[PDB]
Structure formats: C-alpha cells, structure tokens
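Form deposited in one PDB entry, single chain, as structure tokens, below.
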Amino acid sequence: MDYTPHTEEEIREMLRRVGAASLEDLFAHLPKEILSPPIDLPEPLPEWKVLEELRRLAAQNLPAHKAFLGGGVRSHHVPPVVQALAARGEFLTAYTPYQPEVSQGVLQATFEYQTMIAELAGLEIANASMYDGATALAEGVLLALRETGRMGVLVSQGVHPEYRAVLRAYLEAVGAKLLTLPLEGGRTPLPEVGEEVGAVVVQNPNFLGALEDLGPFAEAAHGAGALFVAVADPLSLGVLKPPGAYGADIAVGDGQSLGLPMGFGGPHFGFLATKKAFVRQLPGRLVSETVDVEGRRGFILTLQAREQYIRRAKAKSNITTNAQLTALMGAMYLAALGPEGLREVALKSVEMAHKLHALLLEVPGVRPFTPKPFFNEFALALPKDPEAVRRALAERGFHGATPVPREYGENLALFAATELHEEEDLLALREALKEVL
C-alpha cells in the first residue's frame, strides 16, 4: 500500500504537462544499464498486517517495565500527559524553525527548554539539545579545547564507558589526546593537571552510582588553566548540588531519565549548559527572545555567527541539528513536576535504591563495590558471572544485574531503582537473585 494521492487521470495530465511519456520516462536520462534493478524486499502489506507483524516481534520480548537495570537508562514513569502533548501533530511533524513567524510554538518551547536546563545545571545558558549524553560530552569537551586552545583531555573512568568511547572517537577525529583517570575505591582521585590539559571531565553520580564532590576537581582544572566539564544525570540535579554551584565551566548529560521511554536505548537528548562567557564556542542551536515590528514578544534562532568561531581553529565541530522532539518531552516533564515534584521523584528513587542495596547485600557471596554515599544506582560484586546472572534472572522473569565492564573490576553488576519500585518488588528481586546464586 502507499500514501500518494495521485489518481491515474491526474498522473496522465501531469506527465503530459512535463513532456513525459510515462513514470519510467521520468528517469530516461539516467544511465539505462543500472535502471530498475531487481531489488529484493518483502511484498507490500496492508497497515493492519504490518501491526500484527510488529506485535508478533514485540511478543518475542520480555518487557522491561519496572526493570532494575541501570547504567544510563532506567525504567521511570513515562507520564501520559507528556506523551499526549508531544504527540500533537504540530510538534511531531514540524521542522527546524527557520521561519520564526509560524514557528513560535517550537521556538518558545525551546526557549523554555534552555532556561530549565540552565537552571538544573546552575549555569547561565544552554543550547537547544544534543543527540544524546555521549555526543553532548564530546561536543562540550571540544568547546573547552576550543576555548583554551589546548588539545589535552583528562576524563574520570567514572564517566559512563560508552560516553568515554564516543568521546575517544571525537577526540581521535580532531586530533586531541585523551587520558583516563582510573577509579580507585569507586571514586576518582584528585589529579595533577598539566598545562597541556584543556579539559577535565568527571561524572556525578558516578557510572557506578557514586557521588563525587566536584569542587576540588574544578579548582585543579582552573589552577592549570583548564576548563571543567561536569557530566550529571538531569534527574539527580533535582536534589544534588549542581555543577554550577561547584564552579563547573560546562555541564552535560542525558535526558532519558526525565520521563522518556527507554525504547531499547533509542530515546535520548543530551543537554549542554555553560556560561555566557563561552557563547561564541557554544555548538548547536540557540533560541533568543526578541520582538517583532509592532513590539510583540517573539523567539528566534540566533547567533549563527558562532559557526565561524567554531571552525576557526582546532577541535572543530559540525552539529547540524538537535533532538528537538525528545528535548521537548524533557521540558514538558520538568514543567509537569516542577522543582518539588522532581526532587520527590529523585529522593524516592534514591530511597528504594538504598533499601535494595541492603537487601541484596544479605545474599551470601554478594559484596558491595560502589562506596557510600551513592545515588539511585549501585554496583555489587557477585560470586557468579554477571552476564550469567542477568540471564538467569531474566529466565525467572526479572531484569537486573546490568554487567559492568571488567575494567572496573571482576564480576561487577549494576542495579538501579526508581520511583515506581516498591518494598515488595525489591524483596521479589532479592529472592530471585538468592535462588540464582
């Protein structure tokens, strides 16, 4: 089936109108030897049949709703009011607002998005969002290297391993150096920063769920003339001292925690907030308030001149677009919960996490890894292989024990809890783990 409206009569008139003998004639100037190849694709299907097939594939999976898996993605409540609103056709089907006069809905929401992000980070400004947390980190780091004119980077191993991988790829692309600060005791020790370093990167909460006082890290970086980049989960900023309060120059993170469906790691949007002082080097889109010809308040994409300041030297960047829709869902979420609602969701998640921690620690052979204090995620050392445990758990109907790369230690498994987990759910999981071990 197809979506074209053309009736055969209309197709005839149009072909005659452009001087074509047929649809095939439209491609007559292309090289004949490669036209209409015998491509193999399954035969077309009516929409209902496509849904049946989609449902059958979904039935092959074990849903992860209320899962205990963590490490960048968690099963939080996805408020239907946010999803209903982001489903409005005007938001779903619009494109980059290059014509501001008919795009005030998108331009204003983006403005509100930037201010909410800058507040959560305790910083002055923020762009209209990045693809995800990892790309946001890469871009934030390049901003720093550009600002200081340096090419050296120090990153804590506590930073999400995939984030460090995306970062390595970008740094390798622009010709920069990356040094990884190994974690000891689950935290990152204060490093001695050389003048070749333009950026120091630390995550809080840790990838293993550990809280880290970033204050001294920022000092260590400024003392060497380097910039400090903080990677923080937006949801945790609801109750944790923000990077801005620590004196961080740049703050990045992933927005999946802000009510976005997990969608197998798909749904994301990265945030990037910094000081107005570095706005020339700020990548991505920027929406500014302004006024129309008769004084009405309006919003519009601004400061595109930045494209020049960003490519004038080393550590170039080329962000062409953002993650508008998902960033919009984030803003709707932040606006739906407010300062207190966000704080509550964060605390509940931390509470159920700490309670789960104490429960799992009772299983024989199970020892803690992540030190105190930690947030809503934690790593435990298991007596069996974590990948084997996760599978055993899955076979029992539970999703847990997200495997930690062994660069952090052997037999380590991450666990996360959210506001939708209850006392009874933790006990269930513990039981299961008990029997698995």
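Heads up: residue numbers just count along the shown sequence, starting at 1. Basically, rigid core = biggest C-alpha set you can superpose within 1.5 Å across the two forms.
Separately, the form deposited in another entry exists; it is not shown, and the next lines address it.
Just one residue from the list 311, 222, 177, 343 crosses the 2 Å line for C-alpha shift between the shown form and the other one on a rigid core fit, and it is 311. In the other form, the Cα-Cα separation between residue 314 and residue 286 shrinks by 3 Å or more relative to the displayed conformation. Panel note: the distance between the CA atoms of residue 312 and residue 197 is larger in the other form than in this form, the difference being 3 Å or more.
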